[PDB]
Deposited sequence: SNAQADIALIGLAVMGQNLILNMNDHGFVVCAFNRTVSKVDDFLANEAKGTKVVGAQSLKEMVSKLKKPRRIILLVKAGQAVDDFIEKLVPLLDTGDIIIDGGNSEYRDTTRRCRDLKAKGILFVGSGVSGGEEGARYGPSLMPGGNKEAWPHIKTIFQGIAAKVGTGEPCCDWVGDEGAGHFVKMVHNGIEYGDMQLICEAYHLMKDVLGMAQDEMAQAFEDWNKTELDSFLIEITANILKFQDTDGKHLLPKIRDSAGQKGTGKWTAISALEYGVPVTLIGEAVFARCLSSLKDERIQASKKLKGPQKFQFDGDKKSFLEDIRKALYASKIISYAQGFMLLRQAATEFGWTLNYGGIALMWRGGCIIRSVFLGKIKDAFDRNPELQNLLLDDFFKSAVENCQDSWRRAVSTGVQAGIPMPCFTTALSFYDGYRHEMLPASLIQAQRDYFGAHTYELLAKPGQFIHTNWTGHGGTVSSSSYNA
């Protein structure tokens, strides 16, 4: 037994993770169901390294130091269960299987429980960063059976992306499917951040009449303060990019972002668990709307909008920045509410601060803002809503006049802002002690005798004879 860890699945992600582990001084045993791929890898991408191969699962297992650690990086679904089924008879009590694929969190929960009962420790880990990230520094989001954590922490944190202060973008997320649940929410959050940037762009372009390079410079400027983030960095770069003919490329690109994307699962989860994750929902629906390109061409010939901007451009541009920032705060508050609800549903203990850190590093959504979320949970690990943290409370308070102006102006101009508006609507709802939902309760009691509760006596159900 000379190998520190094994990885099954030699597509590019797996190869790159193996090479990353190798760089960090670990001896990795590579395996693939089509075994010829092992030799190919050893002869090529892994030539000259400490990587060793195996020609069967039994051989692979035999090469591993106990407790044995085996990473699965294969196609999500049946391929994962099939490898688990083949591995179990070969392993000893206390050995560890880590699924790093894009698996559905309920499958991860099932596997964790079933393997625990058989004496096998199971980890389901989110992996973010794509192929480059895998190779040099992914974000890793491990959850499952925490008995495994002390045995995988050194390798996982070693290979993970680090932030500038040195902390690894990898820590124990929580129980069972929590790691994969967190990856799912991350995917939805990404949709939100992208849509928010798009709305800011649309306001710059169509309310302020800004030039492409001017908008690039605005995003570059924005990237120097609170909004500092990878998505804003690349947006600036995209905006100034010129095609071979000297014309800007972005205006030539088809505005259809797809109807079937994975972000939908975050919004579906929110609806399943009854959490008001409104911004990610609008971001998903905005991609769907964009996909109706021919329908929008037709509608644009038949349906009319309202306007001419008269004001200080620099000021309104700043209003857009602050609207974006406040809306982003609401989106993440909502995402963390969903995490909190899953914790409640399944009895999971979630590393909220660590999750914020894990979403930096290799993740597309990486930002300084995420460090502020970590700070909030470090200040109060019992924090119940991001909006209650003094930093975020202050930020929203300082942004809200600008936010309202940006939204009011966009509305008068006919610019669609499904995410800015849902975020503001949510903020205004969340902060109200009294909402008109009592009218819904009265309506249902009126038409169906479904009963309502009095404010003074919650939990007691009353029917009134309204007629």
(message) What are the C-alpha gaps when you align the coordinates back onto the deposited sequence?
(response) 1-2, 309-310, 472-484
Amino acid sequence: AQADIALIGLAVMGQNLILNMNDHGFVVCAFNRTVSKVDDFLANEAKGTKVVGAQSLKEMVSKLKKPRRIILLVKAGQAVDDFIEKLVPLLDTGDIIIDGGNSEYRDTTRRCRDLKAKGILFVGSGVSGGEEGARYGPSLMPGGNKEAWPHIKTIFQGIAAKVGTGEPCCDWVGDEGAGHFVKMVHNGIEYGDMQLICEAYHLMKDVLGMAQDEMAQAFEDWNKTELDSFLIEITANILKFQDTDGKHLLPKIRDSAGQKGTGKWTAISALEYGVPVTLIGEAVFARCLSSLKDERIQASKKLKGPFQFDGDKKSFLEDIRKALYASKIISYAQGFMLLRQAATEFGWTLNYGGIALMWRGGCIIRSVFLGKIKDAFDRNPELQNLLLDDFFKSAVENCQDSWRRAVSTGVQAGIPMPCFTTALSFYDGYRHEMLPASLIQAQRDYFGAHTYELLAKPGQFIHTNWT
From here on, numbers count along this sequence of modelled residues.
(request) Using the B-factors recorded in the PDB entry, average over the C-alpha atoms of 34-42 and of 414-422, then report which stretch comes out higher. (result) 34-42
(request) On mean C-alpha B-factor from the PDB entry, just flag whether 348-356 or 126-134 is the higher one. (result) 126-134
(request) Using the entry's values, work out which of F83, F307, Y273, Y191 has the largest Cα B factor. (result) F307
(request) Please work out which residue in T225, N187, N385, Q341 has the highest C-alpha B-factor recorded for this crystal structure. (result) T225
(message) Which third, lowest, middle or highest, does the C-alpha temperature factor of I440 belong to within its own chain?
(response) middle
(request) Name the third of the chain's ranked CA B-factors that contains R404, choosing lowest, middle or highest. (result) lowest
(request) Select lowest, middle or highest to describe the third in which the CA B-factor of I5 falls within its chain in this entry. (result) middle
(message) Which third, lowest, middle or highest, does the C-alpha temperature factor of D378 belong to within its own chain?
(response) highest
(message) Quick check on the deposited entry: does the C-alpha B-factor of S331 sit in the lowest, middle or highest third of its chain?
(response) lowest
